[PDB]
């Protein structure tokens, strides 16, 4: 079983939240602050997922960025994750890095970038309006994890 058999719509929940210290194994904290654009208050990891989910906080209650890696039982289920995070009628295609597919959107409420490749899904949410920020983070996580 992968990712503790969590359902398609599971969200990261690092157990100590914003007062956590534990760094993301695949994204440098400084790089994320510079890319996303807000100073870091704290960060945590959610090891329910085979690849831990990483959450990054600045001063707001809601995180500045959330990065989630999903290993689903099938490609169908990885697509369900991607379509949930980035709905077909509200987002534009995301096709990077090569071999990945899904959607992306940047609005006043934040941004998302969600792609799958086979049964693996990678979703990044940002509190920023620029979907490019979420895209850079997704690409970087994918590169660092060798996915």
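Positions refer to the first chain, counted from 1.
Q: Of 121 to 129 and 12 to 20, which one has the bigger average CA B-factor?
A: Result: 12 to 20.
Q: Taking the mean of the C-alpha B-factors per stretch from the entry, tell me the winner out of 55 to 63 and 112 to 120.
A: Looking at the recorded C-alpha B-factors, 55 to 63 comes out higher on average.
Q: Of the options 48, 104, 70, 107, which has the highest CA B factor as deposited?
A: Largest recorded C-alpha B-factor: 107.
Q: Just grab whichever of 32, 78, 85, 94 has the top CA B-factor as deposited.
A: Of 32, 78, 85, 94, 94 has the highest C-alpha B-factor.
Q: Against its chain's modelled residues, does residue 142's Cα B factor rank lowest, middle or highest third?
A: For residue 142, whose C-alpha B-factor we compare with every modelled residue in the chain, the answer is the lowest third.
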